[PDB]
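Data file: coords.txt. Format and content: compact mmCIF, C-alpha atoms and all ligand atoms.
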```txt
# COMPACT_ATOMS: atom_id res chain seq x y z
CA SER A 3810 0.00 0.00 0.00
CA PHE A 3811 2.83 2.40 0.83
CA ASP A 3812 4.54 1.72 -2.50
CA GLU A 3813 1.36 2.33 -4.49
CA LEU A 3814 0.73 5.53 -2.52
CA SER A 3815 4.26 6.77 -3.21
CA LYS A 3816 3.91 6.06 -6.93
CA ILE A 3817 0.63 7.96 -7.15
CA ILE A 3818 2.03 10.85 -5.09
CA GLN A 3819 5.03 11.15 -7.41
CA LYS A 3820 2.72 11.18 -10.44
CA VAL A 3821 0.59 13.91 -8.85
CA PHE A 3822 3.68 15.97 -8.05
CA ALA A 3823 4.94 15.74 -11.63
CA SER A 3824 1.53 16.76 -12.97
CA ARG A 3825 1.35 19.72 -10.58
CA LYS A 3826 4.82 20.87 -11.59
CA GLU A 3827 3.96 20.72 -15.30
CA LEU A 3828 0.69 22.59 -14.78
CA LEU A 3829 2.28 25.34 -12.69
CA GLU A 3830 5.11 25.78 -15.20
CA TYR A 3831 2.58 26.17 -18.02
CA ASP A 3832 0.60 28.69 -15.97
CA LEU A 3833 3.74 30.71 -15.24
CA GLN A 3834 4.73 30.71 -18.92
CA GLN A 3835 1.26 31.83 -20.00
CA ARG A 3836 1.20 34.61 -17.40
CA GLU A 3837 4.63 35.80 -18.55
CA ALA A 3838 3.49 35.75 -22.18
CA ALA A 3839 0.41 37.81 -21.32
CA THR A 3840 2.47 40.27 -19.27
CA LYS A 3841 5.17 40.71 -21.92
CA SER A 3842 2.62 42.12 -24.39
CA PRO A 3849 10.98 42.94 -13.47
CA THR A 3850 14.59 41.80 -13.13
CA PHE A 3851 15.33 38.96 -10.71
CA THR A 3852 18.67 38.06 -9.16
CA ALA A 3853 20.15 34.58 -9.52
CA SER A 3854 18.85 33.37 -6.14
CA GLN A 3855 15.39 34.90 -6.65
CA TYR A 3856 14.99 33.00 -9.92
CA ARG A 3857 15.63 29.70 -8.14
CA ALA A 3858 13.28 30.68 -5.32
CA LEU A 3859 10.45 31.54 -7.73
CA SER A 3860 10.95 28.78 -10.31
CA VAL A 3861 10.10 25.08 -10.03
CA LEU A 3862 13.74 24.24 -9.31
CA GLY A 3863 13.30 24.71 -5.56
CA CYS A 3864 10.17 22.61 -5.12
CA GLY A 3865 10.79 18.96 -4.26
CA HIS A 3866 13.61 18.75 -1.71
CA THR A 3867 11.77 19.35 1.59
CA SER A 3868 10.83 16.67 4.11
CA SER A 3869 7.48 16.40 5.85
CA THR A 3870 7.24 17.93 9.32
CA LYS A 3871 5.96 14.79 11.10
CA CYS A 3872 8.29 12.18 9.62
CA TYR A 3873 9.79 9.39 11.72
CA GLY A 3874 12.63 8.49 9.36
CA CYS A 3875 13.78 12.07 8.88
CA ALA A 3876 13.82 12.75 12.63
CA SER A 3877 15.83 9.55 13.12
CA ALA A 3878 18.31 10.73 10.47
CA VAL A 3879 18.63 14.12 12.17
CA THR A 3880 19.36 12.38 15.48
CA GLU A 3881 22.06 10.32 13.76
CA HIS A 3882 23.64 13.48 12.35
CA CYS A 3883 23.48 15.11 15.79
CA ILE A 3884 25.27 12.14 17.36
CA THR A 3885 27.98 12.21 14.68
CA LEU A 3886 28.52 15.97 15.02
CA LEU A 3887 28.63 15.76 18.82
CA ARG A 3888 31.16 12.93 18.65
CA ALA A 3889 33.32 15.12 16.41
CA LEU A 3890 32.93 18.13 18.71
CA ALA A 3891 33.73 16.25 21.93
CA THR A 3892 37.35 15.67 20.88
CA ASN A 3893 38.13 19.24 21.99
CA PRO A 3894 38.54 19.34 25.80
CA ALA A 3895 36.99 22.81 26.14
CA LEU A 3896 34.01 21.87 23.98
CA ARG A 3897 33.77 18.66 26.01
CA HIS A 3898 33.52 20.66 29.23
CA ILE A 3899 30.90 22.99 27.75
CA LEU A 3900 28.85 20.06 26.44
CA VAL A 3901 28.91 18.26 29.78
CA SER A 3902 27.88 21.55 31.39
CA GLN A 3903 24.89 21.66 29.04
CA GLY A 3904 23.64 18.38 30.53
CA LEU A 3905 24.22 16.08 27.58
CA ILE A 3906 25.06 12.95 29.59
CA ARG A 3907 21.59 12.58 31.10
CA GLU A 3908 19.94 13.26 27.73
CA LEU A 3909 22.01 10.55 26.06
CA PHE A 3910 21.37 8.15 28.96
CA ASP A 3911 17.59 8.59 28.98
CA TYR A 3912 16.94 8.68 25.23
CA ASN A 3913 19.62 7.50 22.81
CA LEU A 3914 21.03 4.47 24.64
CA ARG A 3915 18.28 2.09 23.50
CA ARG A 3916 16.95 3.68 20.28
CA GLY A 3917 18.24 3.25 16.74
CA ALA A 3918 20.33 0.69 14.90
CA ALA A 3919 23.05 -1.26 16.68
CA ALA A 3920 25.78 0.91 15.16
CA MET A 3921 24.09 4.08 16.41
CA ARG A 3922 23.74 2.57 19.89
CA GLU A 3923 27.44 1.72 20.02
CA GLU A 3924 28.29 5.21 18.76
CA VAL A 3925 26.20 6.77 21.53
CA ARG A 3926 28.01 4.57 24.05
CA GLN A 3927 31.35 5.74 22.64
CA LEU A 3928 30.30 9.39 22.84
CA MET A 3929 29.14 8.94 26.44
CA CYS A 3930 32.47 7.33 27.32
CA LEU A 3931 34.37 10.16 25.60
CA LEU A 3932 32.42 12.88 27.42
CA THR A 3933 33.85 11.64 30.76
CA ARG A 3934 37.40 11.08 29.53
CA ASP A 3935 39.17 13.07 32.25
CA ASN A 3936 36.32 14.67 34.22
CA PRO A 3937 35.78 13.22 37.72
CA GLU A 3938 32.42 14.98 38.09
CA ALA A 3939 31.06 13.65 34.79
CA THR A 3940 32.31 10.16 35.60
CA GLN A 3941 30.63 10.33 39.00
CA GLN A 3942 27.39 11.49 37.37
CA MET A 3943 27.39 8.65 34.84
CA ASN A 3944 28.25 6.10 37.54
CA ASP A 3945 25.43 7.44 39.71
CA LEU A 3946 22.96 7.02 36.85
CA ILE A 3947 24.12 3.46 36.12
CA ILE A 3948 24.13 2.38 39.78
CA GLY A 3949 20.73 3.93 40.45
CA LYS A 3950 19.13 2.21 37.48
CA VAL A 3951 20.69 -1.16 38.31
CA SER A 3952 19.64 -0.98 41.97
CA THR A 3953 16.09 0.09 41.09
CA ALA A 3954 15.77 -2.79 38.62
CA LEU A 3955 17.33 -5.33 40.99
CA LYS A 3956 14.94 -4.36 43.79
CA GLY A 3957 11.98 -5.61 41.75
CA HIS A 3958 13.88 -8.19 39.71
CA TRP A 3959 12.48 -11.02 41.81
CA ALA A 3960 8.85 -10.25 40.94
CA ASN A 3961 9.65 -9.32 37.32
CA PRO A 3962 12.62 -10.85 35.45
CA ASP A 3963 12.46 -8.37 32.55
CA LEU A 3964 13.85 -5.81 35.00
CA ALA A 3965 16.95 -7.97 35.40
CA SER A 3966 17.16 -8.73 31.67
CA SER A 3967 16.82 -5.08 30.55
CA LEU A 3968 20.12 -3.82 31.96
CA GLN A 3969 22.34 -4.89 29.07
CA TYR A 3970 22.96 -1.34 27.86
CA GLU A 3971 23.91 0.04 31.28
CA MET A 3972 26.36 -2.83 31.81
CA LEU A 3973 27.70 -2.42 28.28
CA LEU A 3974 28.29 1.27 29.01
CA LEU A 3975 30.14 0.36 32.21
CA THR A 3976 32.27 -2.18 30.33
CA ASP A 3977 33.12 0.34 27.61
CA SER A 3978 34.01 3.06 30.11
CA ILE A 3979 36.27 0.74 32.10
CA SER A 3980 37.98 -0.77 29.04
CA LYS A 3981 39.39 2.67 28.11
CA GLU A 3982 42.25 3.44 30.49
CA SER B 3810 18.62 -35.08 20.59
CA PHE B 3811 16.03 -35.23 23.38
CA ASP B 3812 13.97 -37.81 21.50
CA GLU B 3813 16.99 -40.04 20.87
CA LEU B 3814 18.01 -39.73 24.52
CA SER B 3815 14.51 -40.68 25.68
CA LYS B 3816 14.45 -43.73 23.40
CA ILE B 3817 17.81 -44.95 24.68
CA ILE B 3818 16.80 -44.29 28.30
CA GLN B 3819 13.61 -46.32 27.86
CA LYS B 3820 15.59 -49.20 26.35
CA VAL B 3821 18.04 -49.10 29.26
CA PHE B 3822 15.18 -49.10 31.77
CA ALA B 3823 13.55 -52.12 30.14
CA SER B 3824 16.85 -54.01 30.10
CA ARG B 3825 17.50 -53.20 33.77
CA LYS B 3826 14.01 -54.36 34.72
CA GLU B 3827 14.46 -57.68 32.90
CA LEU B 3828 17.88 -58.25 34.47
CA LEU B 3829 16.64 -57.45 37.98
CA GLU B 3830 13.63 -59.75 37.59
CA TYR B 3831 15.89 -62.60 36.45
CA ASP B 3832 18.23 -62.00 39.40
CA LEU B 3833 15.31 -62.04 41.84
CA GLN B 3834 13.96 -65.27 40.35
CA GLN B 3835 17.38 -66.95 40.54
CA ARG B 3836 17.87 -65.84 44.14
CA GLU B 3837 14.43 -67.19 45.07
CA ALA B 3838 15.19 -70.49 43.33
CA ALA B 3839 18.47 -70.81 45.24
CA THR B 3840 16.79 -69.91 48.55
CA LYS B 3841 13.89 -72.33 48.06
CA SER B 3842 16.31 -75.28 48.19
CA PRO B 3849 9.08 -65.40 54.30
CA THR B 3850 5.47 -64.35 53.79
CA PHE B 3851 4.80 -60.88 52.37
CA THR B 3852 1.58 -58.89 52.57
CA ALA B 3853 -0.14 -57.59 49.45
CA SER B 3854 1.42 -54.11 49.70
CA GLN B 3855 4.89 -55.46 50.50
CA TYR B 3856 4.84 -57.58 47.34
CA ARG B 3857 4.17 -54.49 45.22
CA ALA B 3858 6.85 -52.54 47.08
CA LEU B 3859 9.47 -55.26 46.53
CA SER B 3860 8.53 -56.33 43.00
CA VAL B 3861 9.23 -54.46 39.76
CA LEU B 3862 5.63 -53.27 39.59
CA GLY B 3863 6.42 -50.15 41.60
CA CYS B 3864 9.47 -49.00 39.64
CA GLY B 3865 8.64 -46.62 36.79
CA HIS B 3866 6.13 -44.03 38.00
CA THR B 3867 8.33 -41.46 39.78
CA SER B 3868 9.33 -38.07 38.38
CA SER B 3869 12.83 -36.61 38.56
CA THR B 3870 13.46 -34.19 41.42
CA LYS B 3871 14.78 -31.34 39.24
CA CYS B 3872 12.14 -31.31 36.50
CA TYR B 3873 10.68 -28.10 35.10
CA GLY B 3874 7.58 -29.63 33.53
CA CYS B 3875 6.62 -31.55 36.66
CA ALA B 3876 6.97 -28.46 38.86
CA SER B 3877 4.80 -26.55 36.39
CA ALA B 3878 2.17 -29.31 36.57
CA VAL B 3879 2.23 -29.24 40.38
CA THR B 3880 1.71 -25.47 40.32
CA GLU B 3881 -1.26 -25.97 37.99
CA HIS B 3882 -2.77 -28.50 40.41
CA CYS B 3883 -2.16 -26.13 43.32
CA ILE B 3884 -3.96 -23.31 41.53
CA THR B 3885 -6.92 -25.57 40.70
CA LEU B 3886 -7.18 -26.88 44.27
CA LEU B 3887 -6.92 -23.39 45.74
CA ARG B 3888 -9.63 -22.13 43.39
CA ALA B 3889 -11.87 -24.96 44.59
CA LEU B 3890 -11.05 -24.26 48.25
CA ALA B 3891 -11.65 -20.50 48.03
CA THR B 3892 -15.39 -20.96 47.42
CA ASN B 3893 -15.83 -21.49 51.18
CA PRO B 3894 -15.84 -18.10 52.97
CA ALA B 3895 -14.05 -19.43 56.06
CA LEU B 3896 -11.37 -21.13 53.98
CA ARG B 3897 -11.13 -17.91 51.97
CA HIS B 3898 -10.43 -15.92 55.13
CA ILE B 3899 -7.84 -18.45 56.32
CA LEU B 3900 -6.11 -18.45 52.92
CA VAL B 3901 -5.95 -14.66 52.76
CA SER B 3902 -4.56 -14.74 56.31
CA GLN B 3903 -1.82 -17.09 55.10
CA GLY B 3904 -0.61 -14.35 52.74
CA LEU B 3905 -1.66 -15.95 49.46
CA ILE B 3906 -2.49 -12.73 47.59
CA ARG B 3907 1.08 -11.42 47.53
CA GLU B 3908 2.45 -14.82 46.49
CA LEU B 3909 -0.01 -15.06 43.61
CA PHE B 3910 0.65 -11.44 42.58
CA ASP B 3911 4.44 -11.75 42.60
CA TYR B 3912 4.87 -15.18 41.01
CA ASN B 3913 1.92 -16.73 39.17
CA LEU B 3914 0.49 -13.67 37.41
CA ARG B 3915 2.96 -13.82 34.50
CA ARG B 3916 4.04 -17.49 34.39
CA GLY B 3917 2.38 -20.39 32.59
CA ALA B 3918 -0.02 -20.76 29.71
CA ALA B 3919 -2.69 -18.15 29.02
CA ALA B 3920 -5.37 -20.34 30.61
CA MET B 3921 -3.32 -20.64 33.80
CA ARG B 3922 -2.81 -16.87 33.90
CA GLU B 3923 -6.53 -16.20 33.56
CA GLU B 3924 -7.27 -18.81 36.24
CA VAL B 3925 -4.80 -17.11 38.59
CA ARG B 3926 -6.50 -13.78 37.91
CA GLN B 3927 -9.88 -15.37 38.69
CA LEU B 3928 -8.58 -16.86 41.94
CA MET B 3929 -7.07 -13.53 43.01
CA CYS B 3930 -10.39 -11.81 42.29
CA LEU B 3931 -12.29 -14.47 44.24
CA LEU B 3932 -10.01 -14.18 47.28
CA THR B 3933 -11.17 -10.55 47.75
CA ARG B 3934 -14.85 -11.18 47.07
CA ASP B 3935 -16.22 -9.51 50.21
CA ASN B 3936 -13.09 -8.64 52.21
CA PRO B 3937 -12.29 -4.89 52.38
CA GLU B 3938 -8.81 -5.56 53.78
CA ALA B 3939 -7.87 -8.01 51.02
CA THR B 3940 -9.25 -5.66 48.37
CA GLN B 3941 -7.23 -2.80 49.84
CA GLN B 3942 -4.10 -4.98 49.84
CA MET B 3943 -4.55 -5.97 46.20
CA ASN B 3944 -5.28 -2.38 45.18
CA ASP B 3945 -2.17 -1.21 47.04
CA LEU B 3946 -0.04 -3.75 45.17
CA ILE B 3947 -1.48 -2.75 41.79
CA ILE B 3948 -1.19 1.00 42.41
CA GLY B 3949 2.35 0.70 43.74
CA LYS B 3950 3.54 -1.29 40.75
CA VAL B 3951 1.85 1.03 38.25
CA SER B 3952 3.28 4.16 39.90
CA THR B 3953 6.78 2.68 40.12
CA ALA B 3954 6.68 1.73 36.44
CA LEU B 3955 5.18 5.06 35.34
CA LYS B 3956 7.89 7.00 37.18
CA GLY B 3957 10.54 5.56 34.86
CA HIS B 3958 8.30 5.07 31.83
CA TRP B 3959 9.86 8.06 30.09
CA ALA B 3960 13.40 6.62 30.08
CA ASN B 3961 12.23 3.04 29.44
CA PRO B 3962 9.02 2.20 27.53
CA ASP B 3963 9.04 -1.49 28.46
CA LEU B 3964 8.05 -0.33 31.94
CA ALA B 3965 4.89 1.19 30.48
CA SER B 3966 4.25 -1.83 28.23
CA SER B 3967 4.70 -4.46 30.99
CA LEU B 3968 1.63 -3.45 33.01
CA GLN B 3969 -0.91 -5.50 31.06
CA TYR B 3970 -1.44 -8.11 33.78
CA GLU B 3971 -1.97 -5.60 36.60
CA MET B 3972 -4.52 -3.70 34.51
CA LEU B 3973 -6.19 -6.96 33.47
CA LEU B 3974 -6.45 -7.88 37.15
CA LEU B 3975 -8.05 -4.51 37.90
CA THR B 3976 -10.51 -4.95 35.03
CA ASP B 3977 -11.46 -8.44 36.20
CA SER B 3978 -11.92 -7.33 39.81
CA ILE B 3979 -14.12 -4.39 38.80
CA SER B 3980 -16.22 -6.37 36.31
CA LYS B 3981 -17.48 -8.65 39.12
CA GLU B 3982 -20.05 -6.70 41.13
ZN ZN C 1 11.18 11.72 5.63
ZN ZN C 2 8.85 -34.50 34.67
```
What would the structure in this file look like if it were written as structure tokens?
Amino acid sequence: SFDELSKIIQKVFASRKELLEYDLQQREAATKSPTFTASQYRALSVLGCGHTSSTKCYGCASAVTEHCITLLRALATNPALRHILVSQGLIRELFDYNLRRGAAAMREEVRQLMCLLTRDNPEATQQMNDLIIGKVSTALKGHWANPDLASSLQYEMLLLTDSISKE
Amino acid sequence: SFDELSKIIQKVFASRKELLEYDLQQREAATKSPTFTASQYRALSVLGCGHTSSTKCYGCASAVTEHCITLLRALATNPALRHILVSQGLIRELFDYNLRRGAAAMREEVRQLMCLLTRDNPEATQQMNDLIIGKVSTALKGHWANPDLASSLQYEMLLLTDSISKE
């Protein structure tokens, strides 16, 4: 159903573009019987029409989150930028949201970024350790009445392993 | 592999039974050249040899839990036995262990038994409601950082629905 919908939507878009181009040409012909700069021509014409994503799109938001993770990983290699980022409160945001969401590669990249953010900062390391210990203790308190609590700590323990493995 | 193992184990058991019977017959023949009662004959002979389950068996423990649930459901229909059972502390045991384990029929039967145990007891109803509310609040506190917490409340809410639906 999605494939048929996409085909029909593309056909409709092509038809709309052709119709609007013809209307613009006819209007210009009627008017010829105003200078535009190079950027204004692109803005007005049909050239800048079909490269914008929908506002409520899951895939596009996922892609933007991937780009944000990549850019933040690049930025964190500067110690001053690392300090500013950890002062923004990025560690808790990455812990609550991006640890468990996305492809496996993205999850490992988020783990690497979280490890890098605490490379030589005792306060950031203490904060991350507090988050991990709190989650593990809260899960282990009710593990006995619900085993999924004990079996849904793999990412916290993986984060601990990754942080320790980097001397 | 399990099927082949079971076949070989059955063959070994049959061979052992034949050998032991022959040894008993030979010993009796040698001794004939002590009265036993009817129950003692069965105890001694090979008749009472192959009807005992292994101590560490998962399926047999599951079956015993099923029988316990059925017997307790039968017993709870007496108000005095119901009061004694709820005084034993059965509601918490059923809530913590048997709500999520077993086949779907067993789970629904456990829900029915838990509903029946609080049929006209304000204290038992308050205890069950406290358990449900506490679990739901604890899960909903960390629902934001972990959605499995929000999606693993189906049995508590089913229990609440079943308890309410019975006037
Ligand atoms: Zn999109
Ligand atoms: Zn068995």
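Distance annotation: of A:3817, A:3879, A:3859, A:3928, the residue with the minimal separation from ligand ZN 1 (chain C) is A:3879; atom set is all atoms listed in the file.
For ligand ZN 2 (chain C), the neighbouring polymer residues at 7 Å or closer are residues 3868, 3869, 3872, 3873, 3874 and 3875 of chain B, all atoms listed in the file being used.
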Next, the residues of the selection above should be written as a PDB file, in the frame of the given file with C-alpha atoms.
```pdb
ATOM      1  CA  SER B3868       9.330 -38.070  38.380  1.00  0.00           C
ATOM      2  CA  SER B3869      12.830 -36.610  38.560  1.00  0.00           C
ATOM      3  CA  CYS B3872      12.140 -31.310  36.500  1.00  0.00           C
ATOM      4  CA  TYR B3873      10.680 -28.100  35.100  1.00  0.00           C
ATOM      5  CA  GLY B3874       7.580 -29.630  33.530  1.00  0.00           C
ATOM      6  CA  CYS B3875       6.620 -31.550  36.660  1.00  0.00           C
TER       7      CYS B3875
END
```
Q. Between CA of residue 3947 in chain B and CA of residue 3891 in chain B, what is the spacing in Å?
A. 21.4 Å
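With the cut-off set to 9 Å and all atoms listed in the file counted, chain B residues close to chain A are residues 3910, 3911, 3912, 3915, 3959, 3960, 3961, 3963, 3964 and 3967 of chain B.
Going from CA of residue 3881 in chain B over to CA of residue 3917 in chain B, you cover 8.6 Å.
Between CA of residue 3842 in chain B and CA of residue 3863 in chain B there is a distance of 27.8 Å.
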Kindly provide, as AutoDock Vina command-line options, the centre and edge lengths (Å, one decimal) of an axis-aligned box around all atoms of range 3872-3885 of chain A given in the file, with 3 Å on each side.
```
--center_x 18.1 --center_y 11.8 --center_z 13.1 --size_x 25.7 --size_y 12.6 --size_z 14.5
```
Q: Give as a VMD selection string the set of residues within 10 Å of the point (-5.8, -16.1, 48.0), where distances use the file's coordinates and all atoms listed in the file.
A: chain B and resid 3884 3887 to 3888 3890 to 3891 3896 to 3910 3925 3928 to 3933 3939
Q) Using only C-alpha atoms and all ligand atoms, which residue out of A:3876, A:3918, A:3970, A:3814 lies closest to ligand ZN 1 (chain C)? A) A:3876
Q.
Which residues are close to residue 3860 in chain B, i.e. within 9 Å by all atoms listed in the file, leaving aside same-chain residues fewer than 5 positions away? Reply as a list in words.
A. residues 3830, 3833 and 3855 of chain B
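Of the residues under consideration (A:3886, A:3878, A:3979, A:3895), A:3878 shows the shortest atom-to-atom contact distance to ligand ZN 1 (chain C) when counting all atoms listed in the file.
The residue that comes closest to residue 3920 in chain A, out of A:3978, A:3944, A:3819, A:3885 and on the basis of only C-alpha atoms, is A:3885.
Nearest-residue note for ligand ZN 1 (chain C): choosing from A:3937, A:3951, A:3867, A:3893, the minimum distance belongs to A:3867, counting all atoms listed in the file.
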(Q) Ranking A:3927, A:3941, A:3952, A:3870 by minimum distance to residue 3973 in chain A and counting only C-alpha atoms, which one comes first? (A) A:3927
Render range 3850-3865 of chain B from the structure in the preceding block as a file of N, CA, C and O atoms, as a PDB file, in the first residue's frame.
```pdb
ATOM      1  N   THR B3850       6.718 -64.842  54.348  1.00  0.00           N
ATOM      2  CA  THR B3850       5.465 -64.354  53.789  1.00  0.00           C
ATOM      3  C   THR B3850       5.476 -62.833  53.696  1.00  0.00           C
ATOM      4  O   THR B3850       5.997 -62.141  54.575  1.00  0.00           O
ATOM      5  N   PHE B3851       4.893 -62.315  52.617  1.00  0.00           N
ATOM      6  CA  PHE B3851       4.802 -60.884  52.365  1.00  0.00           C
ATOM      7  C   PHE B3851       3.341 -60.505  52.181  1.00  0.00           C
ATOM      8  O   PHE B3851       2.587 -61.230  51.524  1.00  0.00           O
ATOM      9  N   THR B3852       2.942 -59.375  52.758  1.00  0.00           N
ATOM     10  CA  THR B3852       1.583 -58.895  52.570  1.00  0.00           C
ATOM     11  C   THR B3852       1.409 -58.367  51.145  1.00  0.00           C
ATOM     12  O   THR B3852       2.361 -58.270  50.366  1.00  0.00           O
ATOM     13  N   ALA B3853       0.164 -58.027  50.805  1.00  0.00           N
ATOM     14  CA  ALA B3853      -0.138 -57.585  49.447  1.00  0.00           C
ATOM     15  C   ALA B3853       0.615 -56.313  49.077  1.00  0.00           C
ATOM     16  O   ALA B3853       1.121 -56.199  47.955  1.00  0.00           O
ATOM     17  N   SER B3854       0.706 -55.351  49.996  1.00  0.00           N
ATOM     18  CA  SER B3854       1.417 -54.111  49.703  1.00  0.00           C
ATOM     19  C   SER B3854       2.925 -54.332  49.639  1.00  0.00           C
ATOM     20  O   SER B3854       3.618 -53.715  48.820  1.00  0.00           O
ATOM     21  N   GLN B3855       3.452 -55.204  50.503  1.00  0.00           N
ATOM     22  CA  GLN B3855       4.888 -55.460  50.504  1.00  0.00           C
ATOM     23  C   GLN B3855       5.336 -56.113  49.204  1.00  0.00           C
ATOM     24  O   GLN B3855       6.446 -55.855  48.725  1.00  0.00           O
ATOM     25  N   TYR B3856       4.495 -56.972  48.625  1.00  0.00           N
ATOM     26  CA  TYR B3856       4.838 -57.579  47.343  1.00  0.00           C
ATOM     27  C   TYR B3856       5.002 -56.517  46.266  1.00  0.00           C
ATOM     28  O   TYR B3856       5.964 -56.546  45.492  1.00  0.00           O
ATOM     29  N   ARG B3857       4.065 -55.568  46.202  1.00  0.00           N
ATOM     30  CA  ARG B3857       4.171 -54.492  45.223  1.00  0.00           C
ATOM     31  C   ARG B3857       5.396 -53.628  45.486  1.00  0.00           C
ATOM     32  O   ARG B3857       6.086 -53.215  44.548  1.00  0.00           O
ATOM     33  N   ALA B3858       5.684 -53.349  46.757  1.00  0.00           N
ATOM     34  CA  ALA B3858       6.855 -52.541  47.084  1.00  0.00           C
ATOM     35  C   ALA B3858       8.143 -53.229  46.642  1.00  0.00           C
ATOM     36  O   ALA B3858       9.047 -52.587  46.097  1.00  0.00           O
ATOM     37  N   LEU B3859       8.245 -54.540  46.872  1.00  0.00           N
ATOM     38  CA  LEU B3859       9.469 -55.261  46.533  1.00  0.00           C
ATOM     39  C   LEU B3859       9.586 -55.498  45.031  1.00  0.00           C
ATOM     40  O   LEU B3859      10.664 -55.331  44.448  1.00  0.00           O
ATOM     41  N   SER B3860       8.489 -55.889  44.388  1.00  0.00           N
ATOM     42  CA  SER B3860       8.535 -56.325  43.001  1.00  0.00           C
ATOM     43  C   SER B3860       8.812 -55.147  42.068  1.00  0.00           C
ATOM     44  O   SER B3860       8.945 -53.994  42.489  1.00  0.00           O
ATOM     45  N   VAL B3861       8.893 -55.453  40.774  1.00  0.00           N
ATOM     46  CA  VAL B3861       9.235 -54.463  39.760  1.00  0.00           C
ATOM     47  C   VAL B3861       7.997 -53.682  39.338  1.00  0.00           C
ATOM     48  O   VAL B3861       8.078 -52.800  38.477  1.00  0.00           O
ATOM     49  N   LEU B3862       6.843 -54.002  39.928  1.00  0.00           N
ATOM     50  CA  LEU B3862       5.625 -53.274  39.585  1.00  0.00           C
ATOM     51  C   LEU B3862       5.731 -51.804  39.973  1.00  0.00           C
ATOM     52  O   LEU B3862       5.365 -50.921  39.189  1.00  0.00           O
ATOM     53  N   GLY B3863       6.224 -51.522  41.174  1.00  0.00           N
ATOM     54  CA  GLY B3863       6.419 -50.151  41.603  1.00  0.00           C
ATOM     55  C   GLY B3863       7.806 -49.622  41.308  1.00  0.00           C
ATOM     56  O   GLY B3863       8.589 -49.393  42.234  1.00  0.00           O
ATOM     57  N   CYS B3864       8.130 -49.422  40.030  1.00  0.00           N
ATOM     58  CA  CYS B3864       9.468 -48.999  39.640  1.00  0.00           C
ATOM     59  C   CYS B3864       9.512 -47.792  38.713  1.00  0.00           C
ATOM     60  O   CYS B3864      10.460 -47.010  38.800  1.00  0.00           O
ATOM     61  N   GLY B3865       8.523 -47.609  37.843  1.00  0.00           N
ATOM     62  CA  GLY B3865       8.645 -46.619  36.789  1.00  0.00           C
ATOM     63  C   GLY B3865       7.572 -45.552  36.753  1.00  0.00           C
ATOM     64  O   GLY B3865       7.105 -45.177  35.673  1.00  0.00           O
TER      65      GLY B3865
END
```
